[PDB]
file protein.cif (mmCIF, C-alpha atoms and all ligand atoms)
data_target
loop_
_atom_site.label_atom_id
_atom_site.label_comp_id
_atom_site.auth_asym_id
_atom_site.auth_seq_id
_atom_site.Cartn_x
_atom_site.Cartn_y
_atom_site.Cartn_z
CA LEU A 1 213.19 -18.36 195.33
CA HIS A 2 215.07 -16.76 192.42
CA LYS A 3 217.85 -14.18 192.20
CA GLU A 4 217.21 -11.28 189.79
CA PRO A 5 219.47 -8.50 188.53
CA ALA A 6 219.65 -4.98 189.89
CA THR A 7 222.28 -2.24 190.08
CA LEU A 8 223.19 -0.01 193.01
CA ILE A 9 221.87 3.52 192.86
CA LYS A 10 222.98 4.43 196.42
CA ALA A 11 223.56 3.17 199.92
CA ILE A 12 221.08 4.49 202.47
CA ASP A 13 221.58 2.82 205.87
CA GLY A 14 222.03 -0.60 207.50
CA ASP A 15 218.82 -2.19 206.23
CA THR A 16 217.63 -0.01 203.30
CA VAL A 17 219.26 0.65 199.93
CA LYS A 18 218.33 2.36 196.66
CA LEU A 19 218.59 -0.03 193.68
CA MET A 20 217.50 0.02 190.04
CA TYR A 21 215.27 -3.03 189.56
CA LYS A 22 213.68 -3.84 186.18
CA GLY A 23 214.93 -0.43 185.08
CA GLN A 24 213.13 1.55 187.86
CA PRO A 25 214.60 3.23 190.98
CA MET A 26 213.32 1.65 194.21
CA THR A 27 214.18 1.76 197.88
CA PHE A 28 214.59 -1.79 199.22
CA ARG A 29 214.07 -2.75 202.85
CA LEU A 30 215.98 -5.92 203.77
CA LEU A 31 213.76 -8.83 204.79
CA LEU A 32 213.96 -10.42 208.23
CA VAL A 33 216.41 -7.97 209.84
CA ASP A 34 216.58 -4.70 211.78
CA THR A 35 219.66 -2.51 211.95
CA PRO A 36 219.91 0.36 214.51
CA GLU A 37 218.98 3.74 212.95
CA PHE A 38 221.99 5.87 211.98
CA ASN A 39 221.55 8.03 215.11
CA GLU A 40 221.59 4.95 217.39
CA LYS A 41 224.38 2.82 218.84
CA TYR A 42 225.98 0.66 216.07
CA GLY A 43 223.83 2.50 213.53
CA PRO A 44 226.85 4.13 211.92
CA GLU A 45 228.67 0.77 211.78
CA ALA A 46 225.65 -0.99 210.27
CA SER A 47 225.40 1.73 207.60
CA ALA A 48 229.14 1.53 206.81
CA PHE A 49 229.04 -2.25 206.59
CA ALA A 50 226.00 -2.40 204.25
CA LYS A 51 227.42 0.45 202.14
CA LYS A 52 230.83 -1.16 201.65
CA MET A 53 229.20 -4.44 200.84
CA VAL A 54 226.99 -3.02 198.04
CA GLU A 55 229.45 -0.45 196.67
CA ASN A 56 232.25 -3.05 196.34
CA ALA A 57 230.05 -5.65 194.58
CA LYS A 58 230.40 -6.31 190.88
CA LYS A 59 226.98 -7.96 190.88
CA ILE A 60 223.90 -6.99 192.94
CA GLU A 61 220.92 -9.35 192.97
CA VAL A 62 217.45 -9.08 194.41
CA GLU A 63 215.61 -12.09 195.73
CA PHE A 64 211.91 -11.77 196.57
CA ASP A 65 210.32 -14.18 199.03
CA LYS A 66 206.91 -15.90 198.60
CA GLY A 67 204.72 -13.09 199.98
CA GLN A 68 204.38 -9.35 199.54
CA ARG A 69 207.16 -7.61 197.58
CA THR A 70 206.41 -4.04 198.65
CA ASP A 71 205.78 -2.70 202.16
CA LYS A 72 203.18 -0.13 203.14
CA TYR A 73 205.75 2.63 202.42
CA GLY A 74 206.41 1.40 198.83
CA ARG A 75 209.80 -0.11 199.77
CA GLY A 76 210.70 -3.37 197.99
CA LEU A 77 211.10 -6.27 200.42
CA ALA A 78 213.85 -8.69 199.35
CA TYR A 79 216.99 -10.53 200.22
CA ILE A 80 219.85 -8.54 198.65
CA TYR A 81 223.01 -10.28 197.46
CA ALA A 82 226.42 -8.81 196.73
CA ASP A 83 228.60 -11.03 194.55
CA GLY A 84 226.63 -14.02 195.78
CA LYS A 85 226.77 -13.12 199.46
CA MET A 86 223.54 -12.14 201.22
CA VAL A 87 223.68 -8.71 202.77
CA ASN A 88 220.82 -9.60 205.17
CA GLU A 89 222.77 -12.61 206.57
CA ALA A 90 226.11 -10.84 206.69
CA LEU A 91 224.72 -7.97 208.85
CA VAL A 92 223.22 -10.48 211.29
CA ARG A 93 226.40 -12.59 211.37
CA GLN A 94 228.46 -9.54 212.36
CA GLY A 95 226.01 -8.55 215.12
CA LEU A 96 225.09 -5.41 213.19
CA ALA A 97 221.43 -6.41 212.88
CA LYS A 98 218.89 -8.45 214.85
CA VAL A 99 216.60 -10.95 213.21
CA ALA A 100 213.24 -9.12 213.22
CA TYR A 101 210.01 -8.48 211.37
CA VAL A 102 209.52 -12.17 210.64
CA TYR A 103 206.04 -12.22 209.02
CA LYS A 104 204.37 -15.45 207.91
CA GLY A 105 204.90 -16.12 204.21
CA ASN A 106 207.99 -13.92 203.79
CA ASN A 107 210.27 -16.00 205.99
CA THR A 108 212.18 -18.42 203.75
CA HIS A 109 215.59 -17.57 205.14
CA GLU A 110 214.49 -17.27 208.80
CA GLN A 111 216.43 -20.21 210.18
CA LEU A 112 219.59 -19.40 208.13
CA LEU A 113 219.53 -15.91 209.69
CA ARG A 114 218.77 -17.15 213.23
CA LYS A 115 221.77 -19.47 212.97
CA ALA A 116 223.91 -16.45 212.06
CA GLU A 117 222.45 -14.46 214.95
CA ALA A 118 223.25 -17.27 217.41
CA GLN A 119 226.87 -17.34 216.26
CA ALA A 120 227.19 -13.49 216.43
CA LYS A 121 225.73 -13.66 219.93
CA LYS A 122 228.21 -16.37 220.98
CA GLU A 123 231.11 -14.19 219.83
CA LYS A 124 229.50 -11.23 221.62
CA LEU A 125 229.85 -9.17 218.45
CA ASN A 126 228.85 -5.52 218.23
CA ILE A 127 225.17 -5.34 219.34
CA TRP A 128 225.76 -8.43 221.49
CA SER A 129 228.94 -7.11 223.09
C1 LIG B 1 211.09 -5.54 207.26
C2 LIG B 1 209.64 -5.13 207.12
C3 LIG B 1 209.20 -3.95 207.66
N1 LIG B 1 207.89 -3.57 207.53
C4 LIG B 1 207.38 -2.35 208.18
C5 LIG B 1 207.12 -2.72 209.67
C6 LIG B 1 207.32 -1.39 210.41
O1 LIG B 1 206.08 -0.62 210.35
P1 LIG B 1 206.21 0.76 211.21
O2 LIG B 1 206.88 1.84 210.44
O3 LIG B 1 204.70 1.19 211.48
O4 LIG B 1 207.01 0.62 212.58
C7 LIG B 1 208.46 -0.75 209.58
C8 LIG B 1 209.87 -1.05 210.11
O5 LIG B 1 210.77 -0.66 209.08
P2 LIG B 1 212.04 0.15 209.62
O6 LIG B 1 212.82 -0.72 210.56
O7 LIG B 1 212.87 0.50 208.30
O8 LIG B 1 211.58 1.47 210.38
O9 LIG B 1 208.34 -1.30 208.25
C9 LIG B 1 207.00 -4.41 206.93
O10 LIG B 1 205.81 -4.10 206.82
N2 LIG B 1 207.41 -5.56 206.36
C10 LIG B 1 208.70 -5.97 206.48
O11 LIG B 1 209.02 -7.05 206.00
CA CA B 2 215.93 -0.09 211.10
#
call {"tool": "encode", "arguments": {"input": "protein.cif", "output": "structure tokens", "more": "lines below"}}
Ligand SMILES: Cc1cn([C@H]2C[C@H](OP(=O)(O)O)[C@@H](COP(=O)(O)O)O2)c(=O)[nH]c1=O
Ligand SMILES: [Ca+2]
result
Amino acid sequence: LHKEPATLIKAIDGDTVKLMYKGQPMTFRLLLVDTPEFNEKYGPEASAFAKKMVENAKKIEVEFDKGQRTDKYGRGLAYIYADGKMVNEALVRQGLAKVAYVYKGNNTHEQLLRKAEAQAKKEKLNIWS
């Protein structure tokens, strides 16, 4: 997999974000995770956490997996990095997202994220509390 440039346009919620990628605005949906919706328990915390992470970053990168790059809604599907740190993994590690939506052929970072989930669960963080 390869990291590619992008710039923040705006935070949306825990697991979606509006980025400019190859010069075009796009909503990205984070691979392999599911945050609560904003109106749900821990939804506001997931949104705040993802937002801070992307808004503070000097460098946003997009990393496509091996399979489809757009979902049926036209959302880009990628791993999103903020100054080298993966937003997908960080949400899971803090118990602000569950590993989810693991489809064959877009699952490169599955086990990295499950490891983070297991440690979040041990610490009974947030969703696991
Ligand atoms: C994360 C991801 C979601 N999706 C689709 C599955 C779900 O379809 P449905 O809308 O029919 O439930 C939806 C979940 O996204 P959200 O969690 O943002 O709602 O997006 C994919 O197709 N591929 C993916 O990799
Ligand atoms: Ca969601």
call {"tool": "residues_near_ligand", "arguments": {"input": "protein.cif", "ligand": "ligand LIG 1 (chain B)", "cutoff": "7 Å", "atoms": "only C-alpha atoms and all ligand atoms", "output": "VMD selection string"}}
result
chain A and resid 15 to 16 29 to 34 71 to 72 77 101 to 103
call {"tool": "residues_near_ligand", "arguments": {"input": "protein.cif", "ligand": "ligand CA 2 (chain B)", "cutoff": "6 Å", "atoms": "only C-alpha atoms and all ligand atoms", "output": "ChimeraX atom specification"}}
result
/A:34-37
call {"tool": "residues_around", "arguments": {"input": "protein.cif", "residues": "residue 105 of chain A", "least_positions_apart": "4", "cutoff": "8 Å", "atoms": "all atoms listed in the file", "output": "PyMOL selection string"}}
result
chain A and resi 65-67
call {"tool": "axis_aligned_box", "arguments": {"input": "protein.cif", "around": "segment 105-119 of chain A", "padding_each_side": "8 Å", "output": "AutoDock Vina command-line options"}}
result
--center_x 215.9 --center_y -17.1 --center_z 210.6 --size_x 38.0 --size_y 22.3 --size_z 29.7
call {"tool": "atom_distance", "arguments": {"input": "protein.cif", "atom1": "atom CA of residue 45 of chain A", "atom2": "atom CA of residue 79 of chain A"}}
result
19.9 Å
call {"tool": "closest_residue", "arguments": {"input": "protein.cif", "among": "A:115, A:85, A:104, A:59", "to": "residue 6 of chain A", "atoms": "all atoms listed in the file"}}
result
A:59
call {"tool": "closest_residue", "arguments": {"input": "protein.cif", "among": "A:123, A:13, A:83, A:110", "to": "residue 57 of chain A", "atoms": "only C-alpha atoms"}}
result
A:83
call {"tool": "closest_residue", "arguments": {"input": "protein.cif", "among": "A:41, A:52, A:58, A:109", "to": "residue 5 of chain A", "atoms": "all atoms listed in the file"}}
result
A:58
call {"tool": "residues_around", "arguments": {"input": "protein.cif", "residues": "segment 120-122 of chain A", "least_positions_apart": "3", "cutoff": "7 Å", "atoms": "all atoms listed in the file", "output": "tab-separated table (two decimals) with C-alpha atoms, in the coordinates of the input"}}
result
chain	number	residue	atom	x	y	z
A	93	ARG	CA	226.40	-12.59	211.37
A	94	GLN	CA	228.46	-9.54	212.36
A	95	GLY	CA	226.01	-8.55	215.12
A	116	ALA	CA	223.91	-16.45	212.06
A	117	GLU	CA	222.45	-14.46	214.95
A	125	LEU	CA	229.85	-9.17	218.45
A	128	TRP	CA	225.76	-8.43	221.49
call {"tool": "atom_distance", "arguments": {"input": "protein.cif", "atom1": "atom CA of residue 49 of chain A", "atom2": "atom CA of residue 86 of chain A"}}
result
12.5 Å
call {"tool": "residues_around", "arguments": {"input": "protein.cif", "residues": "residue 46 of chain A", "least_positions_apart": "2", "cutoff": "6 Å", "atoms": "all atoms listed in the file", "output": "PyMOL selection string"}}
result
chain A and resi 14+43-44+48-49+96
call {"tool": "write_last_selection", "arguments": {"input": "protein.cif", "atoms": "C-alpha atoms", "output": "PDB file, in the coordinates of the input"}}
result
ATOM      1  CA  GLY A  14     222.030  -0.600 207.500  1.00  0.00           C
ATOM      2  CA  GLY A  43     223.830   2.500 213.530  1.00  0.00           C
ATOM      3  CA  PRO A  44     226.850   4.130 211.920  1.00  0.00           C
ATOM      4  CA  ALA A  48     229.140   1.530 206.810  1.00  0.00           C
ATOM      5  CA  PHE A  49     229.040  -2.250 206.590  1.00  0.00           C
ATOM      6  CA  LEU A  96     225.090  -5.410 213.190  1.00  0.00           C
TER       7      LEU A  96
END
call {"tool": "atom_distance", "arguments": {"input": "protein.cif", "atom1": "atom CA of residue 81 of chain A", "atom2": "atom CA of residue 62 of chain A"}}
result
6.5 Å
call {"tool": "closest_residue", "arguments": {"input": "protein.cif", "among": "A:70, A:47, A:75, A:9", "to": "residue 27 of chain A", "atoms": "all atoms listed in the file"}}
result
A:75
call {"tool": "closest_residue", "arguments": {"input": "protein.cif", "among": "A:20, A:78, A:60, A:53", "to": "residue 106 of chain A", "atoms": "only C-alpha atoms"}}
result
A:78
call {"tool": "closest_residue", "arguments": {"input": "protein.cif", "among": "A:26, A:126, A:89, A:64", "to": "residue 111 of chain A", "atoms": "only C-alpha atoms"}}
result
A:89
call {"tool": "decode", "arguments": {"input": "protein.cif", "residues": "segment 18-46 of chain A", "atoms": "N, CA, C and O atoms", "output": "PDB file, in the first residue's frame"}}
result
ATOM      1  N   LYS A  18     -14.114  15.077   5.050  1.00  0.00           N
ATOM      2  CA  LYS A  18     -14.106  15.648   3.709  1.00  0.00           C
ATOM      3  C   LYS A  18     -12.680  16.128   3.405  1.00  0.00           C
ATOM      4  O   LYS A  18     -12.147  16.989   4.102  1.00  0.00           O
ATOM      5  N   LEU A  19     -12.047  15.520   2.403  1.00  0.00           N
ATOM      6  CA  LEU A  19     -10.658  15.815   2.060  1.00  0.00           C
ATOM      7  C   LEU A  19     -10.578  16.246   0.603  1.00  0.00           C
ATOM      8  O   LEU A  19     -11.443  15.878  -0.186  1.00  0.00           O
ATOM      9  N   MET A  20      -9.536  16.996   0.244  1.00  0.00           N
ATOM     10  CA  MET A  20      -9.242  17.251  -1.170  1.00  0.00           C
ATOM     11  C   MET A  20      -8.179  16.254  -1.610  1.00  0.00           C
ATOM     12  O   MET A  20      -7.090  16.224  -1.055  1.00  0.00           O
ATOM     13  N   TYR A  21      -8.518  15.427  -2.587  1.00  0.00           N
ATOM     14  CA  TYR A  21      -7.628  14.335  -3.007  1.00  0.00           C
ATOM     15  C   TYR A  21      -7.484  14.455  -4.521  1.00  0.00           C
ATOM     16  O   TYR A  21      -8.498  14.623  -5.235  1.00  0.00           O
ATOM     17  N   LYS A  22      -6.235  14.404  -5.002  1.00  0.00           N
ATOM     18  CA  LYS A  22      -5.903  14.800  -6.392  1.00  0.00           C
ATOM     19  C   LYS A  22      -6.662  16.053  -6.844  1.00  0.00           C
ATOM     20  O   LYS A  22      -7.166  16.141  -7.966  1.00  0.00           O
ATOM     21  N   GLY A  23      -6.786  17.017  -5.951  1.00  0.00           N
ATOM     22  CA  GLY A  23      -7.377  18.300  -6.343  1.00  0.00           C
ATOM     23  C   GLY A  23      -8.904  18.365  -6.353  1.00  0.00           C
ATOM     24  O   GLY A  23      -9.463  19.396  -6.771  1.00  0.00           O
ATOM     25  N   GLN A  24      -9.571  17.268  -5.952  1.00  0.00           N
ATOM     26  CA  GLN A  24     -11.042  17.168  -5.952  1.00  0.00           C
ATOM     27  C   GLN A  24     -11.600  16.922  -4.542  1.00  0.00           C
ATOM     28  O   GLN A  24     -11.030  16.136  -3.776  1.00  0.00           O
ATOM     29  N   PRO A  25     -12.705  17.616  -4.177  1.00  0.00           N
ATOM     30  CA  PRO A  25     -13.329  17.356  -2.880  1.00  0.00           C
ATOM     31  C   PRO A  25     -13.970  15.977  -2.860  1.00  0.00           C
ATOM     32  O   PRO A  25     -14.617  15.601  -3.816  1.00  0.00           O
ATOM     33  N   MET A  26     -13.821  15.244  -1.751  1.00  0.00           N
ATOM     34  CA  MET A  26     -14.349  13.898  -1.632  1.00  0.00           C
ATOM     35  C   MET A  26     -14.660  13.661  -0.170  1.00  0.00           C
ATOM     36  O   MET A  26     -13.891  14.071   0.685  1.00  0.00           O
ATOM     37  N   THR A  27     -15.760  12.979   0.107  1.00  0.00           N
ATOM     38  CA  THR A  27     -15.994  12.436   1.436  1.00  0.00           C
ATOM     39  C   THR A  27     -15.336  11.063   1.506  1.00  0.00           C
ATOM     40  O   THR A  27     -15.601  10.196   0.651  1.00  0.00           O
ATOM     41  N   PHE A  28     -14.500  10.872   2.527  1.00  0.00           N
ATOM     42  CA  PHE A  28     -13.867   9.577   2.801  1.00  0.00           C
ATOM     43  C   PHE A  28     -14.549   8.879   3.947  1.00  0.00           C
ATOM     44  O   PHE A  28     -14.863   9.513   4.962  1.00  0.00           O
ATOM     45  N   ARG A  29     -14.763   7.568   3.788  1.00  0.00           N
ATOM     46  CA  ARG A  29     -15.248   6.704   4.853  1.00  0.00           C
ATOM     47  C   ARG A  29     -14.060   5.827   5.272  1.00  0.00           C
ATOM     48  O   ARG A  29     -13.401   5.248   4.423  1.00  0.00           O
ATOM     49  N   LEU A  30     -13.737   5.817   6.563  1.00  0.00           N
ATOM     50  CA  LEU A  30     -12.571   5.105   7.052  1.00  0.00           C
ATOM     51  C   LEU A  30     -12.759   3.590   6.935  1.00  0.00           C
ATOM     52  O   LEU A  30     -13.754   3.022   7.397  1.00  0.00           O
ATOM     53  N   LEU A  31     -11.767   2.928   6.341  1.00  0.00           N
ATOM     54  CA  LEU A  31     -11.836   1.475   6.207  1.00  0.00           C
ATOM     55  C   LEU A  31     -11.822   0.810   7.566  1.00  0.00           C
ATOM     56  O   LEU A  31     -11.103   1.256   8.470  1.00  0.00           O
ATOM     57  N   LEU A  32     -12.548  -0.308   7.663  1.00  0.00           N
ATOM     58  CA  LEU A  32     -12.357  -1.328   8.702  1.00  0.00           C
ATOM     59  C   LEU A  32     -12.836  -0.892  10.075  1.00  0.00           C
ATOM     60  O   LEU A  32     -12.636  -1.628  11.050  1.00  0.00           O
ATOM     61  N   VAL A  33     -13.550   0.237  10.160  1.00  0.00           N
ATOM     62  CA  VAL A  33     -14.021   0.691  11.481  1.00  0.00           C
ATOM     63  C   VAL A  33     -15.475   1.162  11.439  1.00  0.00           C
ATOM     64  O   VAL A  33     -16.004   1.455  10.359  1.00  0.00           O
ATOM     65  N   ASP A  34     -16.081   1.291  12.626  1.00  0.00           N
ATOM     66  CA  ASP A  34     -17.414   1.891  12.728  1.00  0.00           C
ATOM     67  C   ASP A  34     -17.446   2.694  14.017  1.00  0.00           C
ATOM     68  O   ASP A  34     -17.365   2.133  15.108  1.00  0.00           O
ATOM     69  N   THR A  35     -17.599   4.001  13.899  1.00  0.00           N
ATOM     70  CA  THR A  35     -17.881   4.848  15.040  1.00  0.00           C
ATOM     71  C   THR A  35     -19.404   4.941  15.286  1.00  0.00           C
ATOM     72  O   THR A  35     -20.192   4.788  14.365  1.00  0.00           O
ATOM     73  N   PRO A  36     -19.823   5.196  16.533  1.00  0.00           N
ATOM     74  CA  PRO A  36     -21.267   5.490  16.769  1.00  0.00           C
ATOM     75  C   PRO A  36     -21.626   6.709  15.925  1.00  0.00           C
ATOM     76  O   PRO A  36     -20.752   7.536  15.674  1.00  0.00           O
ATOM     77  N   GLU A  37     -22.889   6.842  15.515  1.00  0.00           N
ATOM     78  CA  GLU A  37     -23.362   8.081  14.878  1.00  0.00           C
ATOM     79  C   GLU A  37     -23.352   9.205  15.927  1.00  0.00           C
ATOM     80  O   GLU A  37     -23.347   8.945  17.140  1.00  0.00           O
ATOM     81  N   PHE A  38     -23.347  10.454  15.471  1.00  0.00           N
ATOM     82  CA  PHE A  38     -23.225  11.580  16.385  1.00  0.00           C
ATOM     83  C   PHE A  38     -24.311  11.553  17.471  1.00  0.00           C
ATOM     84  O   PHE A  38     -24.065  11.962  18.612  1.00  0.00           O
ATOM     85  N   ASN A  39     -25.510  11.100  17.098  1.00  0.00           N
ATOM     86  CA  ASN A  39     -26.648  11.091  18.016  1.00  0.00           C
ATOM     87  C   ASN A  39     -26.634   9.906  18.991  1.00  0.00           C
ATOM     88  O   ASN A  39     -27.534   9.769  19.812  1.00  0.00           O
ATOM     89  N   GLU A  40     -25.619   9.048  18.878  1.00  0.00           N
ATOM     90  CA  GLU A  40     -25.520   7.839  19.705  1.00  0.00           C
ATOM     91  C   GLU A  40     -24.485   7.995  20.805  1.00  0.00           C
ATOM     92  O   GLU A  40     -23.656   8.897  20.760  1.00  0.00           O
ATOM     93  N   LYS A  41     -24.506   7.080  21.769  1.00  0.00           N
ATOM     94  CA  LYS A  41     -23.530   7.100  22.857  1.00  0.00           C
ATOM     95  C   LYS A  41     -22.089   6.995  22.325  1.00  0.00           C
ATOM     96  O   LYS A  41     -21.788   6.101  21.536  1.00  0.00           O
ATOM     97  N   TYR A  42     -21.227   7.917  22.764  1.00  0.00           N
ATOM     98  CA  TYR A  42     -19.818   7.997  22.332  1.00  0.00           C
ATOM     99  C   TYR A  42     -19.649   8.529  20.926  1.00  0.00           C
ATOM    100  O   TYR A  42     -18.520   8.685  20.461  1.00  0.00           O
ATOM    101  N   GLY A  43     -20.767   8.814  20.257  1.00  0.00           N
ATOM    102  CA  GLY A  43     -20.748   9.474  18.955  1.00  0.00           C
ATOM    103  C   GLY A  43     -20.128  10.854  19.016  1.00  0.00           C
ATOM    104  O   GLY A  43     -19.274  11.169  18.198  1.00  0.00           O
ATOM    105  N   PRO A  44     -20.530  11.678  20.002  1.00  0.00           N
ATOM    106  CA  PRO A  44     -19.895  12.995  20.074  1.00  0.00           C
ATOM    107  C   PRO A  44     -18.394  12.919  20.379  1.00  0.00           C
ATOM    108  O   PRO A  44     -17.622  13.709  19.843  1.00  0.00           O
ATOM    109  N   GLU A  45     -17.978  11.970  21.217  1.00  0.00           N
ATOM    110  CA  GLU A  45     -16.561  11.795  21.515  1.00  0.00           C
ATOM    111  C   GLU A  45     -15.765  11.299  20.302  1.00  0.00           C
ATOM    112  O   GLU A  45     -14.651  11.748  20.055  1.00  0.00           O
ATOM    113  N   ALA A  46     -16.345  10.370  19.550  1.00  0.00           N
ATOM    114  CA  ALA A  46     -15.695   9.884  18.342  1.00  0.00           C
ATOM    115  C   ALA A  46     -15.506  11.025  17.333  1.00  0.00           C
ATOM    116  O   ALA A  46     -14.413  11.191  16.765  1.00  0.00           O
TER     117      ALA A  46
END
